[PDB]
Structures are given as C-alpha cells and as structure tokens.
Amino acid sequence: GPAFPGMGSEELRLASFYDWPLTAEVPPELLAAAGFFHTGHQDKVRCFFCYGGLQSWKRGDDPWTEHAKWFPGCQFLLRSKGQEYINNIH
C-alpha cells in the first residue's frame, strides 16, 4: 500500500500547493497529478505512495519524468504510467 494513504487524493495533493513558489516554472497541477504533495518548505515535495522526496526543481521540469528518473520502483508511477514509460526514461 501507499506510504501516506492520506495524500492518495489528487485534489488534496493539489490543495497542498497553495503557497508553491514556482507556479509558472513547475505547475502544481502536474506535480499533484504525478503523486506529489508540497511539504510547505521551499520547493520540497513528496510522493504519497513511495514517500520519495524531490527538491531544487528547475524551470520546465516534468514531474512524471522526475518521478520515473529517481523512483522507478514506485507502484503508483507504474500503475499510472506503465512500464514502457519508466524503461524509456532510463
């Protein structure tokens, strides 16, 4: 199961980005869709399922790409995007 079942809802994850500092650079909509919620500190986010944390986001970063790059074993990622997607990023 998920590390943090309470953030399994995409809408709850999106709400967590109310004070996100990088709206134009890395959209909250895409971060939330990709399993991430905002910790509230700087640009630190975490996936609700694998609990993997990512920070130091660069403008134009693709949240799903970064998810697969750093946490390829995440089952939410696999369920959502499929194995071919994960394999191609590697």
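When you see a residue number, it is the position in the sequence shown, counting from 1.
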message: Could you place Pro21 in the lowest, middle or highest third of its chain by Cα temperature factor, using the values in the record?
response: lowest
Ranked against its chain, the third holding the CA B-factor of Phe49: lowest
field: Relative C-alpha B-factor of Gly73, binned into the chain's lowest, middle or highest third
entry: highest
- line: Of the three thirds of the chain ranked by Cα temperature factor, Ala32 occupies the lowest
